[PDB]
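Notes follow once the structure below has been shown.
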Amino acid sequence: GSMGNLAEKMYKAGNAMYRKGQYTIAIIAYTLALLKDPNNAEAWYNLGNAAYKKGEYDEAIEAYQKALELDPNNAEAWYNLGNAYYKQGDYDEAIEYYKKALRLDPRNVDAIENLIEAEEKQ
Amino acid sequence: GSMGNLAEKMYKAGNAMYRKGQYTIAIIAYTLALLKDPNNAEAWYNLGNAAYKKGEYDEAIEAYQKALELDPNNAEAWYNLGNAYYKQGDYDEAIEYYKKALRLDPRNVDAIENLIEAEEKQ
Amino acid sequence: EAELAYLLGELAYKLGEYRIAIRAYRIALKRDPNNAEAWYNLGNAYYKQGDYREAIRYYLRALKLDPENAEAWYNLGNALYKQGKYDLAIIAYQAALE
Amino acid sequence: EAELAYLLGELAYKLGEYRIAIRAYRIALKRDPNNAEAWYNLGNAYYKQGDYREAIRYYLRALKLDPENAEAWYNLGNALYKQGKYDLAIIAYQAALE
Amino acid sequence: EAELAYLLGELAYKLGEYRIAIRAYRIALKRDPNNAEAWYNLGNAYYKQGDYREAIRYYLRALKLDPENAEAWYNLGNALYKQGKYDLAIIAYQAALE
C-alpha cells in the first residue's frame, strides 16, 4: 500500500548479492524488485546476469530478452544472449545476437571473438 | 489466499538474519513480513536496524520513522533516528530525536552522550 | 599494579590533590578501563579543577559501565549545568532520581 | 613493588585513611609476608576501625616475626581488652613490660 | 629474459624472417602473456605466412589487452576478409575507425 522505494531496496540488495556471488539471493531480490514493478531493464538485465552466473542460461535468456524489450540498445544483453544461445548450440542465434551487439558497439572485441567462433561452429 | 502466519515466518527469519549479521537477507525478510502486513512497529524498527547495519541510514530513517508512527514510545527508534540524523550532519534533528528518546527514558546514557555531542556539533 | 594506583588516586582525591588524583586514576584506568568508580572519581577530580567537559566525558563513561550510579548522574547534571547545557543537566538530574 | 605499597600504607595510616592503609599494607604483605612492621600497622589500622579480632591476629603475627615489639604486645593487650579477653590482655600487657 | 626474446622477434619480423619472429615472440609471450604489442606482431607474422586463423586469434588477444589498437582492428579485419568472414571484417574495419 506504500513501500515507495521497494524496488530500489530489492534492486540494491540484488546488486550486492550479485557482486558477492550470491546469485540465488540476488535472483530472489531482483525478482522481487521487478515483481512489483517489472519495468527496469537494468534489473531484467541483472536478473539475467544472476541467472547466467547460476548456469541456467535459458532463464538468463528470458530475462535478458526482457531487458532488451525494455531497452534494445543494451549491447551487453545482446552479447550474453548470444553467449547463451552459443552455449545451447544455437549458433545461428548466437550469430544474430552477437551481430546486434556489435552494431551497437563495433569495438566489443569479445563479441567479435565469440561471433567468429559462432560462424566457425555453425 | 491463506498463509496466516506469513508475516511471522518472515519476521522470525529476519531476526535470525539480523542476529547473524546478514542484513541483506534480513531486510528482504522484514520487508516481506511487512509487505503483506505493514503494521508491525517491531518489524519497521528491525527493518530500520538492518538498514542501519547496512549503512544506508536514510533508509533506516524512513523505517524507524514508520515504527514511531505505529508506536511513538519506541525510544530506541528515536535514538537511532537521532544517530542517523547526526551521521548526516543534521545536528538539529539529531538533538530533537535524542531529546524525545530521553523524555521516554532519561537514563539512556548513550542518548545523552550523543545529545551532548549533537549540541556541541550544532 | 593498577590496584595501587587506584588507592593513590583515592587518597590524593580526598586530600584535595586533584592533579595527583587525576594522574593516579588515569594510571589505574589505563591498566583497567572497566573501573567505573575510578572513572567517576576521575570525573569528579576534573570537575573540581573546573574542567567540566572532561567531567562530563568521564561521568558518561562511568555511567555506561554503571547506569545505577545516581551520583554520577547527578554530577553529570552538575557538569552540564556548568557548561550551560541545561536541558541536558535537567535530564541527567532526573536520571539520578529515576 | 611492595616497597611502594608499603609507603602508601604508612602515608594513608598517618592521615587517618585506615581503609586505604589496610588495603595498601595487605598489598605490600602479600608480596612480602615477613614485614613485621607492616603487620603491626595493619593490626593498628584494624584496631582503629574497631575490628579487634583482626587487630589481634595481626599483632600476634607481627610478634611472631618480632617478639621484642613492646608496642605490639601492648596493642595486642588493648585489642584483647576490647574483646573482653582480660586474662589475655593482662598477659600481653605484661609481655610488653617484659 | 623475455625482453631479449622480444627484441629478437622484432628484428626477425622486420627482416622478413617471420618463422623466426614467430618463435621468438612466442618465447617472449610465454614468459610474459600481457605483451599486447608482441601479440599483435605475432598475429602479423602469421598473417604474412598466410595463416589467417592464427592471425585472427592473436589480433583479438592483442585487442583484448589493448582495445585502442586501431591497427590490430584493421589487421583483424584483413585476416577476417582473407577467410571470407566479411561481416566480421567490416565490423573490425569499423572498429578501427571508431
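By order in the C-alpha cells, chains are A, B, ...; within a chain, residues start at 1; ligands start at 1, following the order shown.
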Interface, chain B side, toward chain C (7 Å; only C-alpha atoms) as a list in words:
residues 106, 107, 109 and 113 of chain B
Is it possible to get the superposed chain A, fitted on chain B over all Cα pairs by sequence order, as a short mmCIF file (atom, residue, chain, number, x, y, z; two decimals) with N, CA, C and O atoms, in the first residue's frame?
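Output contents, as saved in selection_0.cif:
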data_model
loop_
_atom_site.label_atom_id
_atom_site.label_comp_id
_atom_site.auth_asym_id
_atom_site.auth_seq_id
_atom_site.Cartn_x
_atom_site.Cartn_y
_atom_site.Cartn_z
N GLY A 1 -3.72 -16.28 -0.39
CA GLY A 1 -5.12 -16.61 -0.10
C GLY A 1 -5.24 -17.21 1.28
O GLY A 1 -6.34 -17.38 1.81
N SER A 2 -4.10 -17.53 1.86
CA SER A 2 -4.03 -18.09 3.21
C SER A 2 -2.78 -17.58 3.89
O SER A 2 -2.72 -16.42 4.27
N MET A 3 -1.78 -18.45 4.06
CA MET A 3 -0.52 -18.02 4.65
C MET A 3 -0.75 -17.18 5.92
O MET A 3 -0.20 -16.08 6.06
N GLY A 4 -1.54 -17.71 6.85
CA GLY A 4 -1.93 -16.97 8.05
C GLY A 4 -0.77 -16.49 8.90
O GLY A 4 -0.84 -15.44 9.53
N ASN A 5 0.32 -17.24 8.91
CA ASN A 5 1.49 -16.89 9.67
C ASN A 5 2.62 -16.37 8.80
O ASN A 5 3.78 -16.39 9.21
N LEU A 6 2.30 -15.86 7.62
CA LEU A 6 3.34 -15.39 6.72
C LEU A 6 4.23 -14.35 7.33
O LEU A 6 5.46 -14.44 7.24
N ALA A 7 3.63 -13.34 7.93
CA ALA A 7 4.42 -12.27 8.48
C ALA A 7 5.29 -12.78 9.59
O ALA A 7 6.41 -12.32 9.76
N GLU A 8 4.78 -13.74 10.35
CA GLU A 8 5.54 -14.24 11.47
C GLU A 8 6.75 -15.01 10.99
O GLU A 8 7.84 -14.84 11.52
N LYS A 9 6.57 -15.81 9.95
CA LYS A 9 7.68 -16.59 9.44
C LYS A 9 8.76 -15.71 8.88
O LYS A 9 9.95 -15.93 9.12
N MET A 10 8.34 -14.69 8.14
CA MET A 10 9.30 -13.78 7.54
C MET A 10 9.99 -12.96 8.61
O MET A 10 11.21 -12.76 8.56
N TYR A 11 9.24 -12.53 9.62
CA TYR A 11 9.78 -11.74 10.71
C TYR A 11 10.83 -12.52 11.46
O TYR A 11 11.92 -12.01 11.73
N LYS A 12 10.52 -13.77 11.81
CA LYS A 12 11.45 -14.58 12.55
C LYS A 12 12.70 -14.83 11.74
O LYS A 12 13.81 -14.80 12.29
N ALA A 13 12.55 -15.07 10.43
CA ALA A 13 13.72 -15.27 9.61
C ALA A 13 14.55 -14.01 9.59
O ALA A 13 15.78 -14.07 9.63
N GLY A 14 13.87 -12.86 9.55
CA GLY A 14 14.55 -11.59 9.54
C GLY A 14 15.35 -11.42 10.80
O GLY A 14 16.50 -10.98 10.75
N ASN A 15 14.79 -11.84 11.93
CA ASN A 15 15.50 -11.70 13.17
C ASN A 15 16.73 -12.58 13.19
O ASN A 15 17.79 -12.16 13.66
N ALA A 16 16.61 -13.79 12.65
CA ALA A 16 17.77 -14.67 12.64
C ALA A 16 18.88 -14.10 11.80
O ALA A 16 20.06 -14.13 12.19
N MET A 17 18.52 -13.52 10.68
CA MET A 17 19.49 -12.96 9.79
C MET A 17 20.09 -11.71 10.36
O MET A 17 21.29 -11.45 10.19
N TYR A 18 19.30 -10.93 11.08
CA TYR A 18 19.86 -9.75 11.68
C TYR A 18 20.89 -10.18 12.71
O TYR A 18 22.02 -9.68 12.72
N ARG A 19 20.54 -11.17 13.54
CA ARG A 19 21.45 -11.63 14.58
C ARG A 19 22.75 -12.16 14.00
O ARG A 19 23.82 -11.95 14.58
N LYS A 20 22.68 -12.79 12.84
CA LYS A 20 23.86 -13.34 12.20
C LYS A 20 24.60 -12.33 11.33
O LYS A 20 25.56 -12.69 10.64
N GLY A 21 24.12 -11.08 11.28
CA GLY A 21 24.75 -10.00 10.52
C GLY A 21 24.38 -10.02 9.06
O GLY A 21 24.94 -9.28 8.24
N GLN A 22 23.44 -10.87 8.70
CA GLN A 22 23.05 -11.00 7.33
C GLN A 22 21.98 -9.99 7.08
O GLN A 22 20.81 -10.32 6.89
N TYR A 23 22.39 -8.74 7.06
CA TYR A 23 21.42 -7.69 6.96
C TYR A 23 20.73 -7.65 5.62
O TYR A 23 19.60 -7.20 5.53
N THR A 24 21.34 -8.13 4.54
CA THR A 24 20.62 -8.00 3.29
C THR A 24 19.46 -8.95 3.26
O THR A 24 18.36 -8.62 2.80
N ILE A 25 19.68 -10.12 3.82
CA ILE A 25 18.66 -11.12 3.84
C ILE A 25 17.61 -10.64 4.81
O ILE A 25 16.41 -10.80 4.56
N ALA A 26 18.06 -10.12 5.95
CA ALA A 26 17.13 -9.67 6.96
C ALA A 26 16.23 -8.58 6.42
O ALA A 26 15.04 -8.60 6.68
N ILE A 27 16.78 -7.68 5.60
CA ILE A 27 15.97 -6.63 5.02
C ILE A 27 14.93 -7.25 4.14
O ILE A 27 13.76 -6.87 4.24
N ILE A 28 15.30 -8.22 3.33
CA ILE A 28 14.32 -8.82 2.48
C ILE A 28 13.24 -9.46 3.31
O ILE A 28 12.05 -9.26 3.04
N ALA A 29 13.63 -10.22 4.31
CA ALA A 29 12.65 -10.90 5.13
C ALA A 29 11.74 -9.95 5.89
O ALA A 29 10.53 -10.15 5.92
N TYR A 30 12.28 -8.85 6.41
CA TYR A 30 11.43 -7.95 7.15
C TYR A 30 10.53 -7.23 6.20
O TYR A 30 9.37 -6.96 6.52
N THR A 31 11.05 -6.92 5.02
CA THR A 31 10.27 -6.20 4.07
C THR A 31 9.09 -7.04 3.69
O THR A 31 7.99 -6.53 3.62
N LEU A 32 9.31 -8.32 3.46
CA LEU A 32 8.23 -9.20 3.08
C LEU A 32 7.22 -9.35 4.20
O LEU A 32 6.00 -9.38 3.94
N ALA A 33 7.70 -9.43 5.44
CA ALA A 33 6.77 -9.57 6.55
C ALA A 33 5.83 -8.39 6.60
O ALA A 33 4.62 -8.53 6.79
N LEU A 34 6.39 -7.22 6.35
CA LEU A 34 5.63 -6.00 6.31
C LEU A 34 4.89 -5.80 5.01
O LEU A 34 3.80 -5.26 5.00
N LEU A 35 5.40 -6.30 3.92
CA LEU A 35 4.78 -6.03 2.64
C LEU A 35 3.35 -6.51 2.62
O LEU A 35 2.46 -5.82 2.12
N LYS A 36 3.09 -7.67 3.21
CA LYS A 36 1.71 -8.16 3.24
C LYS A 36 0.93 -7.72 4.49
O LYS A 36 -0.23 -8.10 4.64
N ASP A 37 1.59 -7.01 5.39
CA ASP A 37 1.01 -6.54 6.65
C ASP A 37 1.90 -5.46 7.27
O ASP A 37 2.53 -5.71 8.30
N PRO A 38 1.93 -4.22 6.76
CA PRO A 38 2.87 -3.19 7.16
C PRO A 38 2.48 -2.48 8.44
O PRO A 38 2.51 -1.25 8.52
N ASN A 39 2.13 -3.25 9.46
CA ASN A 39 1.65 -2.67 10.70
C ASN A 39 2.40 -3.08 11.94
O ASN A 39 1.91 -2.89 13.05
N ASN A 40 3.56 -3.69 11.78
CA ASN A 40 4.29 -4.11 12.96
C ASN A 40 5.43 -3.16 13.25
O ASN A 40 6.46 -3.20 12.59
N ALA A 41 5.28 -2.36 14.29
CA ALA A 41 6.31 -1.39 14.61
C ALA A 41 7.63 -2.09 14.84
O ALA A 41 8.68 -1.53 14.53
N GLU A 42 7.60 -3.30 15.39
CA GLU A 42 8.81 -4.04 15.67
C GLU A 42 9.54 -4.37 14.40
O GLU A 42 10.77 -4.42 14.39
N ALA A 43 8.79 -4.68 13.35
CA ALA A 43 9.41 -5.06 12.12
C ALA A 43 9.88 -3.81 11.44
O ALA A 43 10.92 -3.83 10.79
N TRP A 44 9.15 -2.72 11.59
CA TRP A 44 9.60 -1.50 10.97
C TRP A 44 10.91 -1.09 11.61
O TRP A 44 11.87 -0.71 10.94
N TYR A 45 10.95 -1.24 12.92
CA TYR A 45 12.10 -0.96 13.73
C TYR A 45 13.26 -1.84 13.35
O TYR A 45 14.35 -1.34 13.09
N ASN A 46 13.02 -3.15 13.26
CA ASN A 46 14.09 -4.04 12.90
C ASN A 46 14.51 -3.88 11.46
O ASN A 46 15.67 -4.13 11.13
N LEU A 47 13.60 -3.44 10.61
CA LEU A 47 13.95 -3.16 9.24
C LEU A 47 14.91 -2.01 9.28
O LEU A 47 15.94 -2.03 8.60
N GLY A 48 14.60 -1.01 10.11
CA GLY A 48 15.45 0.13 10.29
C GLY A 48 16.79 -0.30 10.85
O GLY A 48 17.82 0.20 10.41
N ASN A 49 16.79 -1.27 11.76
CA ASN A 49 18.03 -1.73 12.33
C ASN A 49 18.88 -2.42 11.30
O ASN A 49 20.10 -2.25 11.28
N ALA A 50 18.25 -3.20 10.43
CA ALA A 50 19.01 -3.87 9.40
C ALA A 50 19.57 -2.85 8.43
O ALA A 50 20.71 -2.97 7.99
N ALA A 51 18.79 -1.82 8.11
CA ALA A 51 19.25 -0.76 7.22
C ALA A 51 20.37 0.01 7.87
O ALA A 51 21.31 0.44 7.20
N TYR A 52 20.27 0.19 9.17
CA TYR A 52 21.26 0.92 9.92
C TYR A 52 22.55 0.11 9.85
O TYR A 52 23.63 0.64 9.62
N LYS A 53 22.43 -1.21 10.02
CA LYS A 53 23.58 -2.09 9.93
C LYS A 53 24.22 -2.00 8.55
O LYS A 53 25.45 -1.98 8.43
N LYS A 54 23.39 -1.92 7.51
CA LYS A 54 23.86 -1.79 6.14
C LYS A 54 24.66 -0.51 5.94
O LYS A 54 25.69 -0.50 5.26
N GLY A 55 24.20 0.58 6.55
CA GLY A 55 24.86 1.88 6.47
C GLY A 55 24.04 2.93 5.73
O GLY A 55 24.29 4.14 5.85
N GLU A 56 23.00 2.51 5.03
CA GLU A 56 22.17 3.47 4.32
C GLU A 56 21.19 4.03 5.30
O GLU A 56 20.00 3.70 5.30
N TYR A 57 21.69 4.96 6.08
CA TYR A 57 20.95 5.48 7.19
C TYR A 57 19.71 6.19 6.75
O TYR A 57 18.72 6.19 7.47
N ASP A 58 19.68 6.75 5.55
CA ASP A 58 18.46 7.42 5.17
C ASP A 58 17.31 6.41 5.07
O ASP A 58 16.15 6.74 5.36
N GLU A 59 17.61 5.17 4.65
CA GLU A 59 16.57 4.18 4.52
C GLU A 59 16.17 3.78 5.92
O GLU A 59 15.00 3.54 6.22
N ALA A 60 17.18 3.74 6.79
CA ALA A 60 16.93 3.38 8.17
C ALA A 60 16.00 4.40 8.78
O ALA A 60 15.09 4.03 9.52
N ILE A 61 16.16 5.67 8.41
CA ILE A 61 15.30 6.70 8.95
C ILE A 61 13.89 6.48 8.54
O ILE A 61 13.00 6.56 9.38
N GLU A 62 13.65 6.21 7.28
CA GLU A 62 12.26 6.03 6.93
C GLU A 62 11.65 4.87 7.70
O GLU A 62 10.53 4.97 8.19
N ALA A 63 12.39 3.76 7.81
CA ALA A 63 11.84 2.61 8.51
C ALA A 63 11.63 2.88 10.00
O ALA A 63 10.60 2.50 10.56
N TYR A 64 12.56 3.60 10.63
CA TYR A 64 12.39 3.86 12.04
C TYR A 64 11.27 4.84 12.23
O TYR A 64 10.53 4.75 13.22
N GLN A 65 11.13 5.80 11.32
CA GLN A 65 10.07 6.75 11.47
C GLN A 65 8.76 6.03 11.40
O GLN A 65 7.86 6.32 12.20
N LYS A 66 8.63 5.08 10.49
CA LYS A 66 7.38 4.36 10.43
C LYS A 66 7.15 3.61 11.72
O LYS A 66 6.04 3.62 12.24
N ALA A 67 8.20 3.04 12.30
CA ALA A 67 7.99 2.34 13.55
C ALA A 67 7.42 3.28 14.59
O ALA A 67 6.52 2.89 15.33
N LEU A 68 7.90 4.53 14.61
CA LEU A 68 7.40 5.52 15.55
C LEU A 68 5.98 5.94 15.21
O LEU A 68 5.20 6.29 16.10
N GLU A 69 5.64 5.95 13.93
CA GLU A 69 4.30 6.31 13.55
C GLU A 69 3.35 5.26 14.11
O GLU A 69 2.26 5.59 14.60
N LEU A 70 3.78 4.00 14.08
CA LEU A 70 2.98 2.93 14.64
C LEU A 70 3.04 2.97 16.17
O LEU A 70 2.06 2.67 16.85
N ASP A 71 4.21 3.33 16.72
CA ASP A 71 4.41 3.40 18.16
C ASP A 71 5.47 4.44 18.56
O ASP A 71 6.67 4.12 18.62
N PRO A 72 5.08 5.66 18.97
CA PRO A 72 5.93 6.79 19.25
C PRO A 72 6.71 6.62 20.54
O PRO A 72 7.50 7.49 20.90
N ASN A 73 6.48 5.52 21.26
CA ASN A 73 7.16 5.32 22.52
C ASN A 73 8.41 4.49 22.33
O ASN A 73 9.11 4.13 23.30
N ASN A 74 8.77 4.22 21.09
CA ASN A 74 9.96 3.44 20.87
C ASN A 74 11.18 4.34 20.96
O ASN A 74 11.67 4.91 19.97
N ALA A 75 11.70 4.44 22.18
CA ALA A 75 12.82 5.31 22.50
C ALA A 75 14.04 4.92 21.70
O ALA A 75 14.83 5.78 21.32
N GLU A 76 14.20 3.64 21.46
CA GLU A 76 15.34 3.18 20.72
C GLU A 76 15.27 3.66 19.29
O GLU A 76 16.30 4.01 18.71
N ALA A 77 14.07 3.68 18.71
CA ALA A 77 13.94 4.18 17.36
C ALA A 77 14.27 5.65 17.37
O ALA A 77 15.01 6.14 16.53
N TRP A 78 13.81 6.35 18.41
CA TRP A 78 14.09 7.77 18.48
C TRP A 78 15.59 7.97 18.52
O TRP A 78 16.13 8.82 17.81
N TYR A 79 16.27 7.15 19.32
CA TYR A 79 17.71 7.21 19.44
C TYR A 79 18.42 6.96 18.13
O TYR A 79 19.28 7.75 17.74
N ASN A 80 18.06 5.89 17.43
CA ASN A 80 18.75 5.61 16.19
C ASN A 80 18.41 6.61 15.12
O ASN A 80 19.24 6.86 14.25
N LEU A 81 17.23 7.19 15.17
CA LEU A 81 16.93 8.24 14.24
C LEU A 81 17.82 9.39 14.53
O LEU A 81 18.46 9.91 13.62
N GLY A 82 18.01 9.71 15.80
CA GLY A 82 18.89 10.79 16.13
C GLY A 82 20.29 10.48 15.63
O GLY A 82 20.95 11.37 15.09
N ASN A 83 20.70 9.22 15.72
CA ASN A 83 22.01 8.83 15.25
C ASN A 83 22.11 8.95 13.75
O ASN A 83 23.14 9.37 13.22
N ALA A 84 21.05 8.59 13.06
CA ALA A 84 21.07 8.70 11.63
C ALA A 84 21.14 10.16 11.21
O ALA A 84 21.92 10.52 10.31
N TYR A 85 20.42 11.02 11.91
CA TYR A 85 20.43 12.42 11.54
C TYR A 85 21.79 13.02 11.84
O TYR A 85 22.30 13.80 11.04
N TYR A 86 22.38 12.60 12.96
CA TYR A 86 23.68 13.03 13.41
C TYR A 86 24.71 12.68 12.35
O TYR A 86 25.51 13.52 11.93
N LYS A 87 24.66 11.44 11.86
CA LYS A 87 25.59 10.96 10.86
C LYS A 87 25.52 11.79 9.59
O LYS A 87 26.53 12.04 8.94
N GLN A 88 24.32 12.24 9.26
CA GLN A 88 24.09 13.03 8.07
C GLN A 88 24.48 14.51 8.25
O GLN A 88 24.38 15.29 7.31
N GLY A 89 24.87 14.90 9.46
CA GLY A 89 25.24 16.28 9.77
C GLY A 89 24.04 17.09 10.22
O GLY A 89 24.11 18.32 10.39
N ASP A 90 22.90 16.45 10.36
CA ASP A 90 21.73 17.18 10.76
C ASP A 90 21.68 17.15 12.25
O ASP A 90 21.02 16.31 12.87
N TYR A 91 22.39 18.09 12.84
CA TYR A 91 22.54 18.10 14.26
C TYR A 91 21.31 18.65 14.91
O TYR A 91 21.06 18.40 16.08
N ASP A 92 20.49 19.36 14.15
CA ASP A 92 19.34 19.96 14.77
C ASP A 92 18.30 18.88 14.96
O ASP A 92 17.67 18.79 16.03
N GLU A 93 18.18 17.98 13.98
CA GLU A 93 17.25 16.90 14.17
C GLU A 93 17.86 15.91 15.12
O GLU A 93 17.17 15.35 15.97
N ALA A 94 19.18 15.73 15.08
CA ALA A 94 19.74 14.75 15.99
C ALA A 94 19.36 15.13 17.41
O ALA A 94 18.91 14.28 18.18
N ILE A 95 19.40 16.42 17.71
CA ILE A 95 19.01 16.88 19.01
C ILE A 95 17.57 16.61 19.32
O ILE A 95 17.27 16.07 20.39
N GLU A 96 16.68 16.90 18.40
CA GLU A 96 15.28 16.68 18.70
C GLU A 96 14.97 15.21 18.91
O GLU A 96 14.23 14.85 19.83
N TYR A 97 15.57 14.35 18.10
CA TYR A 97 15.28 12.95 18.23
C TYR A 97 15.90 12.36 19.50
O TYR A 97 15.26 11.55 20.19
N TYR A 98 17.08 12.82 19.89
CA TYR A 98 17.66 12.30 21.11
C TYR A 98 16.86 12.79 22.30
O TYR A 98 16.67 12.03 23.26
N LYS A 99 16.39 14.03 22.26
CA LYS A 99 15.61 14.51 23.39
C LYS A 99 14.34 13.71 23.54
O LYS A 99 13.94 13.39 24.66
N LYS A 100 13.69 13.37 22.43
CA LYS A 100 12.47 12.60 22.57
C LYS A 100 12.79 11.25 23.20
O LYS A 100 12.05 10.80 24.09
N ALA A 101 13.91 10.63 22.81
CA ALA A 101 14.26 9.34 23.37
C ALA A 101 14.45 9.45 24.88
O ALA A 101 14.03 8.57 25.63
N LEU A 102 15.04 10.56 25.31
CA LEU A 102 15.30 10.80 26.71
C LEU A 102 14.07 11.18 27.49
O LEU A 102 14.01 10.93 28.68
N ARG A 103 13.08 11.77 26.85
CA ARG A 103 11.89 12.04 27.63
C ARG A 103 11.27 10.70 27.98
O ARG A 103 10.80 10.49 29.10
N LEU A 104 11.32 9.76 27.03
CA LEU A 104 10.81 8.43 27.25
C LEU A 104 11.67 7.67 28.26
O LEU A 104 11.16 6.94 29.10
N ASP A 105 12.99 7.86 28.19
CA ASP A 105 13.91 7.23 29.11
C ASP A 105 15.12 8.10 29.43
O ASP A 105 16.16 7.99 28.76
N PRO A 106 15.06 8.92 30.49
CA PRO A 106 16.08 9.85 30.93
C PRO A 106 17.40 9.19 31.28
O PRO A 106 18.42 9.85 31.37
N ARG A 107 17.39 7.87 31.51
CA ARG A 107 18.61 7.19 31.89
C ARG A 107 19.33 6.60 30.71
O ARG A 107 20.35 5.91 30.86
N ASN A 108 18.87 6.90 29.51
CA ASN A 108 19.57 6.37 28.37
C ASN A 108 20.83 7.18 28.20
O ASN A 108 20.86 8.22 27.54
N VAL A 109 21.89 6.66 28.79
CA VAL A 109 23.15 7.35 28.83
C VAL A 109 23.73 7.55 27.46
O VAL A 109 24.39 8.55 27.22
N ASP A 110 23.48 6.62 26.56
CA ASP A 110 24.03 6.79 25.24
C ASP A 110 23.32 7.91 24.53
O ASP A 110 23.95 8.77 23.93
N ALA A 111 22.00 7.99 24.70
CA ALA A 111 21.29 9.09 24.07
C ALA A 111 21.81 10.40 24.63
O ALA A 111 21.92 11.38 23.90
N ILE A 112 22.15 10.42 25.91
CA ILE A 112 22.69 11.64 26.49
C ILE A 112 24.04 11.94 25.89
O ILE A 112 24.28 13.07 25.49
N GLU A 113 24.92 10.96 25.80
CA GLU A 113 26.22 11.24 25.23
C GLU A 113 26.11 11.76 23.83
O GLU A 113 26.83 12.69 23.45
N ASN A 114 25.21 11.18 23.05
CA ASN A 114 25.10 11.59 21.68
C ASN A 114 24.41 12.94 21.58
O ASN A 114 24.78 13.74 20.72
N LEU A 115 23.49 13.24 22.50
CA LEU A 115 22.84 14.53 22.53
C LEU A 115 23.83 15.61 22.87
O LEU A 115 23.79 16.69 22.28
N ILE A 116 24.73 15.32 23.80
CA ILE A 116 25.73 16.28 24.17
C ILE A 116 26.59 16.57 22.97
O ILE A 116 26.85 17.73 22.67
N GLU A 117 27.00 15.53 22.25
CA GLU A 117 27.82 15.83 21.11
C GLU A 117 27.01 16.58 20.07
O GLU A 117 27.51 17.54 19.50
N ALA A 118 25.74 16.25 19.87
CA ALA A 118 24.98 16.95 18.85
C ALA A 118 24.90 18.44 19.16
O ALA A 118 25.04 19.26 18.25
N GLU A 119 24.74 18.81 20.44
CA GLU A 119 24.69 20.23 20.79
C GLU A 119 26.03 20.90 20.55
O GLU A 119 26.08 22.09 20.22
N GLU A 120 27.13 20.17 20.76
CA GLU A 120 28.45 20.73 20.53
C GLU A 120 28.76 20.86 19.04
O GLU A 120 29.41 21.82 18.61
N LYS A 121 28.26 19.92 18.24
CA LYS A 121 28.49 19.93 16.81
C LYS A 121 27.59 20.95 16.12
O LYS A 121 27.98 21.58 15.14
N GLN A 122 26.39 21.13 16.65
CA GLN A 122 25.43 22.06 16.12
C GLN A 122 26.10 23.41 15.90
O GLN A 122 25.50 24.34 15.35
#
Please run DSSP on the backbone and report, as a ChimeraX atom specification, all residues within segment 2-98 of chain C that come out as alpha helix (DSSP H). /C:2-14,18-31,36-48,52-65,70-82,86-97
Quick one: contact table of chain D to chain C, 10 Å max, nearest atom pair and distance in Å to one decimal per residue, counting only C-alpha atoms, chain and number order, as a Markdown table?
| residue | atom | partner | partner_atom | distance |
| --- | --- | --- | --- | --- |
| D:1 | CA | C:1 | CA | 8.3 |
| D:2 | CA | C:4 | CA | 10.0 |
| D:4 | CA | C:4 | CA | 8.7 |
| D:5 | CA | C:4 | CA | 6.7 |
| D:8 | CA | C:8 | CA | 7.3 |
| D:9 | CA | C:7 | CA | 9.7 |
| D:11 | CA | C:11 | CA | 9.2 |
| D:12 | CA | C:11 | CA | 7.2 |
| D:15 | CA | C:15 | CA | 9.2 |
| D:17 | CA | C:11 | CA | 7.7 |
| D:19 | CA | C:7 | CA | 9.8 |
| D:20 | CA | C:7 | CA | 6.4 |
| D:21 | CA | C:7 | CA | 9.0 |
| D:23 | CA | C:7 | CA | 8.2 |
| D:24 | CA | C:4 | CA | 7.0 |
| D:27 | CA | C:4 | CA | 8.0 |
| D:28 | CA | C:4 | CA | 9.9 |
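What separates atom CA of residue 33 of chain D from atom CA of residue 13 of chain C is a distance of 29.2 Å.
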Would you mind listing what lies within 9 Å of residue 83 of chain C as a ChimeraX atom specification, with only C-alpha atoms counted and same-chain residues fewer than 3 positions away left out? /C:52-53,78-80,86
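Taking atom CA of residue 43 of chain E as the reference point, atom CA of residue 58 of chain E is found at 4.9 Å.
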- Interatomic distance between atom CA of residue 25 of chain E and atom CA of residue 77 of chain E?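 Between atom CA of residue 25 of chain E and atom CA of residue 77 of chain E the gap works out to 21.8 Å.
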